[PDB]
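Novice: The structure follows.
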Amino acid sequence: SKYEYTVXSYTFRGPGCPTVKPXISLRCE
């Protein structure tokens, strides 16, 4: 519903979880 994924110094915050690759500390629900 509202994911936060910090890859580098680039915090990707937005609705609807797209890629779930092996090694994200994902904040999907």
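Labels for the structure tokens follow display order: chains A, B, ..., residues from 1 in each chain, ligands from 1.
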If you count only C-alpha atoms, which residues fall within 6 Å of segment 23-27 of chain A, apart from same-chain ones fewer than 3 positions away, as an mmCIF file with C-alpha atoms, in the first residue's frame?

Specialist:
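Wrote result.cif, looks like this:
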data_model
loop_
_atom_site.group_PDB
_atom_site.id
_atom_site.type_symbol
_atom_site.label_atom_id
_atom_site.label_comp_id
_atom_site.auth_asym_id
_atom_site.auth_seq_id
_atom_site.Cartn_x
_atom_site.Cartn_y
_atom_site.Cartn_z
ATOM 1 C CA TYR A 3 6.352 1.305 0.428
ATOM 2 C CA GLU A 4 9.745 2.972 1.430
ATOM 3 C CA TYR A 5 12.942 1.438 -0.221
#

Novice: Write out as a list in words each polymer residue whose atoms come within 6 Å of residue 2 of chain A, counting only C-alpha atoms; drop sequence neighbours fewer than 3 positions from it.

Specialist: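 The filter keeps residues 14, 15 and 28 of chain A.
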
Novice: Restricted to C-alpha atoms, what would the selected residues look like written as a PDB file, in the first residue's frame?

Specialist:
ATOM      1  CA  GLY A  14       5.410   5.845  -3.264  1.00  0.00           C
ATOM      2  CA  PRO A  15       2.026   3.699  -3.273  1.00  0.00           C
ATOM      3  CA  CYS A  28       5.002  -2.395   1.980  1.00  0.00           C
TER       4      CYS A  28
END

Novice: Enumerate the residues of chain A with a DSSP assignment of strand (DSSP E), computed from the backbone, and present them as a ChimeraX atom specification.

Specialist: /A:3-6,11-14

Novice: Could you save those same residues with N, CA and C atoms as a tab-separated table (two decimals), in the first residue's frame?

Specialist:
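Once everything was written out, this is out_36.tsv:
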chain	number	residue	atom	x	y	z
A	3	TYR	N	4.98	1.87	0.28
A	3	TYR	CA	6.35	1.30	0.43
A	3	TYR	C	7.43	2.44	0.61
A	4	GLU	N	8.52	2.12	1.33
A	4	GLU	CA	9.74	2.97	1.43
A	4	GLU	C	10.92	1.99	1.15
A	5	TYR	N	11.70	2.23	0.06
A	5	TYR	CA	12.94	1.44	-0.22
A	5	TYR	C	14.16	2.34	-0.52
A	6	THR	N	15.16	2.32	0.39
A	6	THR	CA	16.33	3.23	0.36
A	6	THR	C	17.48	2.43	-0.30
A	11	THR	N	15.84	7.44	-1.53
A	11	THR	CA	14.75	6.85	-0.71
A	11	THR	C	13.50	6.81	-1.64
A	12	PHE	N	13.12	5.60	-2.13
A	12	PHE	CA	12.02	5.46	-3.14
A	12	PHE	C	10.69	5.24	-2.36
A	13	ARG	N	10.01	6.36	-2.06
A	13	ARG	CA	8.71	6.36	-1.32
A	13	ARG	C	7.60	6.60	-2.38
A	14	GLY	N	6.56	5.75	-2.34
A	14	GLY	CA	5.41	5.85	-3.26
A	14	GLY	C	4.30	4.76	-3.04
